[PDB]
Structure formats: C-alpha cells, structure tokens
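Undergrad: What follows is input22.txt; its format and atoms are compact mmCIF, C-alpha atoms and all ligand atoms.
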```
# COMPACT_ATOMS: atom_id res chain seq x y z
CA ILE A 1 -8.86 -36.05 21.51
CA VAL A 2 -7.27 -33.99 18.72
CA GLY A 3 -5.20 -35.91 16.19
CA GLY A 4 -6.06 -39.35 17.58
CA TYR A 5 -7.92 -42.42 16.36
CA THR A 6 -11.00 -44.48 17.21
CA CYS A 7 -9.99 -46.79 20.07
CA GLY A 8 -12.65 -49.37 19.31
CA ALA A 9 -15.65 -50.43 21.38
CA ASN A 10 -14.60 -51.31 24.94
CA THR A 11 -10.94 -51.51 23.89
CA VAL A 12 -10.11 -49.36 26.95
CA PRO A 13 -12.15 -51.22 29.56
CA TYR A 14 -11.21 -48.89 32.43
CA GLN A 15 -12.33 -45.63 30.80
CA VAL A 16 -15.32 -43.97 32.47
CA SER A 17 -17.79 -41.24 31.52
CA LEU A 18 -19.07 -38.86 34.20
CA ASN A 19 -22.67 -37.95 33.39
CA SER A 20 -24.80 -35.18 34.90
CA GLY A 21 -27.39 -35.35 32.17
CA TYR A 22 -24.51 -35.28 29.67
CA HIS A 23 -20.88 -36.38 29.37
CA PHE A 24 -18.77 -33.65 30.97
CA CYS A 25 -15.60 -35.49 32.04
CA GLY A 26 -13.88 -38.86 31.92
CA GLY A 27 -12.50 -41.15 34.59
CA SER A 28 -10.50 -44.29 35.28
CA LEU A 29 -11.83 -47.28 37.22
CA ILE A 30 -9.12 -48.40 39.64
CA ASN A 31 -11.30 -51.02 41.35
CA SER A 32 -14.89 -52.24 41.39
CA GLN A 33 -16.09 -49.29 43.50
CA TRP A 34 -13.66 -46.39 42.97
CA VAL A 35 -12.94 -44.06 40.04
CA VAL A 36 -10.04 -41.62 39.73
CA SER A 37 -10.82 -38.31 38.04
CA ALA A 38 -9.66 -34.69 38.00
CA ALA A 39 -10.63 -32.43 40.89
CA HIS A 40 -11.67 -29.72 38.43
CA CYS A 41 -14.23 -32.24 37.14
CA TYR A 42 -16.06 -32.11 40.48
CA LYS A 43 -19.80 -31.56 40.69
CA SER A 44 -22.79 -32.95 42.52
CA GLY A 45 -25.06 -35.49 40.86
CA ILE A 46 -22.37 -37.53 39.11
CA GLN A 47 -23.58 -40.76 37.52
CA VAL A 48 -20.64 -42.95 36.53
CA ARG A 49 -21.08 -44.65 33.14
CA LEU A 50 -18.96 -47.74 32.49
CA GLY A 51 -18.65 -50.00 29.47
CA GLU A 52 -19.26 -47.04 27.16
CA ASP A 53 -18.28 -46.72 23.52
CA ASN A 54 -21.04 -44.57 22.00
CA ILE A 55 -22.18 -42.26 24.80
CA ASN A 56 -25.40 -41.37 22.95
CA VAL A 57 -26.42 -44.97 22.14
CA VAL A 58 -27.22 -47.83 24.50
CA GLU A 59 -25.31 -50.64 22.79
CA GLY A 60 -25.64 -53.33 25.46
CA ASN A 61 -22.58 -53.43 27.72
CA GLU A 62 -23.02 -50.25 29.78
CA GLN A 63 -23.16 -49.97 33.57
CA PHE A 64 -24.83 -46.85 35.00
CA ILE A 65 -23.98 -46.40 38.69
CA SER A 66 -24.58 -43.18 40.60
CA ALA A 67 -21.80 -41.87 42.81
CA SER A 68 -22.14 -42.21 46.57
CA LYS A 69 -19.24 -40.03 47.78
CA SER A 70 -16.75 -37.65 46.16
CA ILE A 71 -13.36 -36.82 47.67
CA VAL A 72 -11.37 -33.94 46.17
CA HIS A 73 -7.72 -34.10 47.20
CA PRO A 74 -7.17 -32.08 50.42
CA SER A 75 -4.60 -29.89 48.62
CA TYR A 76 -6.35 -29.21 45.29
CA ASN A 77 -5.65 -25.62 44.22
CA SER A 78 -8.15 -24.71 41.51
CA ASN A 79 -6.05 -21.68 40.60
CA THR A 80 -2.91 -23.66 39.69
CA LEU A 81 -4.62 -27.04 39.20
CA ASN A 82 -2.03 -28.47 41.58
CA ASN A 83 -3.14 -31.80 43.05
CA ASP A 84 -5.77 -32.11 40.31
CA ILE A 85 -7.11 -35.46 41.47
CA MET A 86 -10.36 -36.61 43.07
CA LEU A 87 -11.82 -39.98 44.03
CA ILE A 88 -15.39 -41.05 43.25
CA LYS A 89 -17.06 -43.98 45.00
CA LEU A 90 -19.89 -45.95 43.40
CA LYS A 91 -23.16 -46.63 45.20
CA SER A 92 -22.76 -50.26 44.13
CA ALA A 93 -19.75 -52.14 42.84
CA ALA A 94 -19.10 -52.69 39.15
CA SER A 95 -19.49 -56.10 37.53
CA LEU A 96 -15.91 -56.68 36.38
CA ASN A 97 -15.48 -58.57 33.10
CA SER A 98 -13.46 -58.13 29.88
CA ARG A 99 -15.19 -54.88 28.87
CA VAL A 100 -15.39 -53.27 32.34
CA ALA A 101 -11.99 -53.67 34.00
CA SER A 102 -9.97 -51.73 36.54
CA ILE A 103 -6.59 -50.17 35.72
CA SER A 104 -3.54 -50.78 37.88
CA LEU A 105 -2.02 -47.95 39.89
CA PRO A 106 1.70 -47.21 39.44
CA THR A 107 4.39 -48.31 41.86
CA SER A 108 6.97 -45.97 40.30
CA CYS A 109 6.68 -42.82 38.21
CA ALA A 110 6.91 -43.26 34.46
CA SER A 111 9.80 -41.80 32.49
CA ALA A 112 10.02 -39.15 29.79
CA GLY A 113 10.00 -40.84 26.39
CA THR A 114 7.67 -43.57 27.63
CA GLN A 115 4.70 -44.02 25.30
CA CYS A 116 1.26 -43.64 26.89
CA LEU A 117 -2.38 -44.01 25.84
CA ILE A 118 -4.72 -41.02 26.26
CA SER A 119 -8.44 -41.60 25.68
CA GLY A 120 -11.66 -39.66 26.08
CA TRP A 121 -14.80 -38.24 24.50
CA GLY A 122 -13.42 -34.70 24.29
CA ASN A 123 -13.18 -32.21 21.46
CA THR A 124 -11.44 -33.33 18.27
CA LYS A 125 -10.64 -29.93 16.70
CA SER A 126 -7.84 -27.61 17.81
CA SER A 127 -9.41 -24.66 15.94
CA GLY A 128 -13.08 -25.57 15.97
CA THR A 129 -15.57 -27.61 17.95
CA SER A 130 -16.61 -31.19 17.24
CA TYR A 131 -17.28 -33.75 19.96
CA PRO A 132 -17.12 -37.50 19.26
CA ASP A 133 -19.79 -39.97 20.25
CA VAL A 134 -17.41 -42.95 20.24
CA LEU A 135 -14.22 -43.16 22.28
CA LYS A 136 -11.05 -41.65 20.80
CA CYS A 137 -7.45 -42.60 21.59
CA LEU A 138 -3.99 -41.09 21.29
CA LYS A 139 -0.48 -42.48 21.76
CA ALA A 140 1.89 -39.85 23.17
CA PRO A 141 5.37 -39.71 24.74
CA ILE A 142 5.91 -38.18 28.15
CA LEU A 143 7.96 -35.03 27.62
CA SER A 144 11.07 -34.17 29.60
CA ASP A 145 10.74 -32.09 32.77
CA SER A 146 12.84 -29.38 31.13
CA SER A 147 10.75 -29.01 27.96
CA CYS A 148 7.57 -29.07 30.08
CA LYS A 149 8.63 -26.18 32.32
CA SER A 150 9.92 -24.26 29.29
CA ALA A 151 6.49 -24.40 27.63
CA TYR A 152 4.73 -23.33 30.86
CA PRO A 153 7.18 -21.14 32.81
CA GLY A 154 6.13 -20.71 36.42
CA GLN A 155 3.25 -23.21 36.36
CA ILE A 156 4.49 -26.81 36.27
CA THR A 157 4.77 -28.39 39.72
CA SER A 158 6.28 -31.72 40.74
CA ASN A 159 2.66 -32.95 40.61
CA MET A 160 2.47 -32.51 36.83
CA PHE A 161 4.11 -33.97 33.74
CA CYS A 162 3.83 -32.95 30.10
CA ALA A 163 3.02 -35.52 27.44
CA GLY A 164 2.34 -35.16 23.73
CA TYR A 165 3.96 -33.46 20.75
CA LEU A 166 5.70 -30.08 20.60
CA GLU A 167 5.11 -29.78 16.84
CA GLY A 168 1.35 -29.58 17.48
CA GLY A 169 -1.49 -31.59 15.96
CA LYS A 170 -1.97 -34.27 18.65
CA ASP A 171 -3.28 -33.63 22.16
CA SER A 172 -6.09 -34.17 24.62
CA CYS A 173 -8.77 -31.50 24.81
CA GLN A 174 -11.76 -30.14 26.70
CA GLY A 175 -14.05 -33.05 27.55
CA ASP A 176 -11.20 -35.52 28.05
CA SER A 177 -10.57 -33.97 31.48
CA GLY A 178 -10.27 -36.53 34.24
CA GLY A 179 -9.45 -39.28 31.76
CA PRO A 180 -6.63 -41.82 31.85
CA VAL A 181 -3.04 -41.57 30.73
CA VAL A 182 -1.96 -45.21 30.82
CA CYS A 183 1.72 -46.09 30.39
CA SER A 184 2.83 -49.74 30.52
CA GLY A 185 -0.47 -50.91 31.96
CA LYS A 186 -0.36 -48.35 34.79
CA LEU A 187 -2.27 -45.12 35.42
CA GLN A 188 0.47 -42.48 35.34
CA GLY A 189 -1.45 -39.35 34.32
CA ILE A 190 -4.81 -37.63 34.57
CA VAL A 191 -5.97 -35.21 31.87
CA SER A 192 -5.58 -31.91 33.71
CA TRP A 193 -5.05 -28.76 31.61
CA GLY A 194 -3.15 -27.01 28.85
CA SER A 195 -3.20 -23.97 26.60
CA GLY A 196 -5.81 -24.68 23.95
CA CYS A 197 -5.49 -28.05 22.25
CA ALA A 198 -2.83 -29.51 19.95
CA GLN A 199 -1.01 -26.17 19.70
CA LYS A 200 2.69 -25.87 18.92
CA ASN A 201 4.88 -25.78 22.04
CA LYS A 202 1.79 -26.18 24.26
CA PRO A 203 1.44 -29.87 25.14
CA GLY A 204 -0.99 -31.52 27.50
CA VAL A 205 -0.26 -31.35 31.22
CA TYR A 206 -1.28 -34.36 33.30
CA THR A 207 -1.58 -35.05 37.02
CA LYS A 208 1.29 -37.22 38.26
CA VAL A 209 -0.61 -40.15 39.77
CA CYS A 210 2.52 -41.88 41.13
CA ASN A 211 2.68 -39.00 43.63
CA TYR A 212 -0.79 -39.92 44.97
CA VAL A 213 -0.79 -43.73 45.28
CA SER A 214 -0.40 -43.57 49.07
CA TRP A 215 -3.30 -41.12 49.38
CA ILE A 216 -5.54 -43.18 47.11
CA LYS A 217 -4.80 -46.37 49.06
CA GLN A 218 -5.35 -44.90 52.53
CA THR A 219 -8.42 -42.96 51.39
CA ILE A 220 -9.95 -46.04 49.76
CA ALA A 221 -9.03 -47.89 52.96
CA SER A 222 -11.19 -45.61 55.14
CA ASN A 223 -14.19 -44.68 52.96
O1 LIG A 301 -1.71 -21.56 34.28
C1 LIG A 301 -1.69 -20.34 34.99
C2 LIG A 301 -1.74 -20.63 36.48
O2 LIG A 301 -0.55 -21.28 36.88
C3 LIG A 301 -1.85 -19.33 37.21
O3 LIG A 301 -0.78 -18.48 36.85
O4 LIG A 301 -3.02 -18.72 36.91
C4 LIG A 301 -3.21 -18.38 35.55
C5 LIG A 301 -2.89 -19.50 34.56
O5 LIG A 301 -2.66 -18.96 33.28
CA CA A 302 -23.34 -46.39 25.25
```
Just give me the structure of the file as structure tokens.
Ligand SMILES: O[C@@H]1[C@@H](O)[C@@H](O)OC[C@H]1O
Ligand SMILES: [Ca+2]

TA:
Amino acid sequence: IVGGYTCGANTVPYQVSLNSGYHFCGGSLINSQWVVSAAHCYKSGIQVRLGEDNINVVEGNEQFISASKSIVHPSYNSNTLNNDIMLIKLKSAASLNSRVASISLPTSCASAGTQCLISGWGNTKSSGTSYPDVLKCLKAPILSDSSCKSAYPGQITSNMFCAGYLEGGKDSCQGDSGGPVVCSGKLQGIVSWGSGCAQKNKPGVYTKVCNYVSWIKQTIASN
C-alpha cells in the first residue's frame, strides 16, 4: 500500500495472507472455509494465514490453515487479467471470532465515487522498494468507467473497475494482489493490476466481484 496508513492489529478481520514460505499475496475470507483471491496469485502449496497483523511475528491470534483445493475461474485470461479471481478452500474451517471474520459478498455492484478500503502487506514505495510487516490500509474512491478506460485504453473489461487517485500518491501495489477492496461492508474489488504504483493517471484496477457472486455461490455449493 503506497500512501496509506497502518490499519491496526486485526482491524480488518477478513484480510488473509497467502504463505508459501513467505507472504506473496493477500486474500479475503468470505466464510469459515473459503477465501477469495486473485487468479494471478495462484500457486501450489498455499498456506492461508488468518488473524495476521505482523506477518513476521507470532503475536497470538493467528490461524495457519493449509489450502485443500484451489479453483481458478474457468475464464481467467492471464494475458489480460480478465476474470482475475480464484477460490481457495481451507483444509479445516476457521474459528470465527472478532479478529477472524468473514466479509459479505455484494448483492449489487458498487458505484463510482463510493469510498472503499484497500488493505494488504504490499510495497509502500512508488519509486523504491519497502515492504511492511504490519497491515496497511487505504481509503479510495471508485473511479468512473470513463476515466478508467481513458487511463488504460483497450484493456479495461466489464470485469474491472478503477479505484484510487488520478493525481498519484495513493494506490495498492505489488504484494497486495488478491487483497480486499471493501465498500460499504461488501467485497466489491480484488487487487488485480495496474501500471506501477501510485503513478499519475494510472490508478489501481480491481476485479469486479459483483460479476462473480453467482459463480462463487454455486462453486462453494459443489466443492
Ligand atoms: O495491460 C495490457 C494487456 O491488456 C495486454 O495488452 O497485454 C499487455 C498489457 O500491457
Ligand atoms: Ca503474525
């Protein structure tokens, strides 16, 4: 997270860290045994880490559960990052309390101008490299379909929405991939891609989760 703040320990109780010996992506717990992430965050040997604040320190609220099954969306195009969504199932359910909680899926798509919360353990420098150990947060408005397509001509699909700041300085970044974009208590976006981080006229592009609620429900209902 570039240009954000320190969320606070377990102040985002649905955020997840995907560990393969090291934090490489984030996630969002949508129920006690399913995590939503980004398809480009796929790999074998994913251990899901819940209750995390400091990902290099065991503080005493973590839950380490290995994944049992990964499901990358049937239509995920790596080359355009269209349908950049995957489901991860936990080998055992999570113990749901105040610091490990699921996030509600959306019933309708969120609107441009709506203010969302973007969190992750990703890079904090737009021109540099520094990774945080504690969770970082950002509050960002969803940008209008027109300004999104103007910043990325020929790339933005109906399965993507831009959110952030066109003046540059505040964005999500490498390492926050697969993390939540929560608007009005719902999961509306997934950290997907973008040109650099926090650059002028190059905002963050996020997977439009409202377009995938039916897939998530019928996939969860059969696996
Ligand atoms: O984002 C672009 C994608 O849409 C495609 O064109 O492949 C190259 C990328 O720069
Ligand atoms: Ca920890």

Undergrad: Just want the 8 Å neighbourhood of stretch 64-70 of chain A, counted on all atoms listed in the file, with same-chain residues fewer than 3 positions away dropped. Output as a PyMOL selection string.

TA: chain A and resi 42+45-50+86-92+94

Undergrad: So, counting only C-alpha atoms, which residue among A:177, A:33, A:104, A:15 is closest to residue A:123?

TA: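 Looking only at the distances to residue A:123, the closest residue turns out to be A:177.
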
Undergrad: Taking 6 positions as the minimum chain separation for residues in the same chain, which residues sit within 12 Å of residue A:187 when counting only C-alpha atoms? Answer as a count of residues only.

TA: 33

Undergrad: Pick out the residues sitting within 7 Å of residue A:172, and hand them over as an NGL selection string; count all atoms listed in the file, and ignore anything fewer than 6 positions along from it in its own chain.

TA: :A and (1-2 or 197 or 204)

Undergrad: Provide the atom CA of residue A:58 to atom CA of residue A:135 distance in Å, to one decimal place.

TA: 14.0 Å

Undergrad: Could you produce a table of the residues of chain A lying within 10 Å of ligand LIG 301 (chain A), with the nearest pair of atoms per residue and their separation in Å rounded to one decimal, using only C-alpha atoms and all ligand atoms, ordered by chain and increasing residue number, as a tab-separated table?

TA:
```
residue	atom	partner	partner_atom	distance
A:77	CA	A:LIG301	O2	9.9
A:78	CA	A:LIG301	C2	9.1
A:79	CA	A:LIG301	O4	5.6
A:80	CA	A:LIG301	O2	4.4
A:81	CA	A:LIG301	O2	7.4
A:82	CA	A:LIG301	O2	8.7
A:152	CA	A:LIG301	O1	7.5
A:153	CA	A:LIG301	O2	8.7
A:154	CA	A:LIG301	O2	6.7
A:155	CA	A:LIG301	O2	4.3
A:156	CA	A:LIG301	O2	7.5
A:157	CA	A:LIG301	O2	9.3
A:193	CA	A:LIG301	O1	8.4
A:194	CA	A:LIG301	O1	7.8
A:195	CA	A:LIG301	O1	8.2
```

Undergrad: What does the list of residues within 10 Å of ligand CA 302 (chain A) look like if you count all atoms listed in the file, written as a PyMOL selection string?

TA: chain A and resi 9+17+49-64+133-134

Undergrad: Grab the residues selected above and save them as a PDB file, in the frame of the given file with C-alpha atoms.

TA:
```pdb
ATOM      1  CA  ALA A   9     -15.650 -50.430  21.380  1.00  0.00           C
ATOM      2  CA  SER A  17     -17.790 -41.240  31.520  1.00  0.00           C
ATOM      3  CA  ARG A  49     -21.080 -44.650  33.140  1.00  0.00           C
ATOM      4  CA  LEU A  50     -18.960 -47.740  32.490  1.00  0.00           C
ATOM      5  CA  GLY A  51     -18.650 -50.000  29.470  1.00  0.00           C
ATOM      6  CA  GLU A  52     -19.260 -47.040  27.160  1.00  0.00           C
ATOM      7  CA  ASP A  53     -18.280 -46.720  23.520  1.00  0.00           C
ATOM      8  CA  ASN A  54     -21.040 -44.570  22.000  1.00  0.00           C
ATOM      9  CA  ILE A  55     -22.180 -42.260  24.800  1.00  0.00           C
ATOM     10  CA  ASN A  56     -25.400 -41.370  22.950  1.00  0.00           C
ATOM     11  CA  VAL A  57     -26.420 -44.970  22.140  1.00  0.00           C
ATOM     12  CA  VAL A  58     -27.220 -47.830  24.500  1.00  0.00           C
ATOM     13  CA  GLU A  59     -25.310 -50.640  22.790  1.00  0.00           C
ATOM     14  CA  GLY A  60     -25.640 -53.330  25.460  1.00  0.00           C
ATOM     15  CA  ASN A  61     -22.580 -53.430  27.720  1.00  0.00           C
ATOM     16  CA  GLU A  62     -23.020 -50.250  29.780  1.00  0.00           C
ATOM     17  CA  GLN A  63     -23.160 -49.970  33.570  1.00  0.00           C
ATOM     18  CA  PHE A  64     -24.830 -46.850  35.000  1.00  0.00           C
ATOM     19  CA  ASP A 133     -19.790 -39.970  20.250  1.00  0.00           C
ATOM     20  CA  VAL A 134     -17.410 -42.950  20.240  1.00  0.00           C
TER      21      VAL A 134
END
```

Undergrad: Rounded to one decimal place, report the atom CA of residue A:168-atom CA of residue A:141 distance in Å.

TA: 13.1 Å

Undergrad: Do you have the atom CA of residue A:32-atom CA of residue A:93 distance handy?

TA: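 Here the two named atoms are 5.1 Å from each other.
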
Undergrad: I need the residue nearest residue A:120 from this list: A:44, A:174, A:199, A:219. Use all atoms listed in the file for the distance.

TA: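 Closest residue, counting all atoms listed in the file: A:174.
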
Undergrad: Around all listed atoms of stretch 150-164 of chain A, padded 3 Å per side, what centre and edge lengths does the axis-aligned box have in Å to one decimal, as JSON?

TA:
```
{"center_x": 6.1, "center_y": -28.1, "center_z": 32.2, "size_x": 13.6, "size_y": 20.8, "size_z": 23.0}
```

Undergrad: Compare A:23, A:40, A:170, A:73 by their minimum atom-to-atom distance to residue A:4, counting only C-alpha atoms, and give me the closest one.

TA: A:170
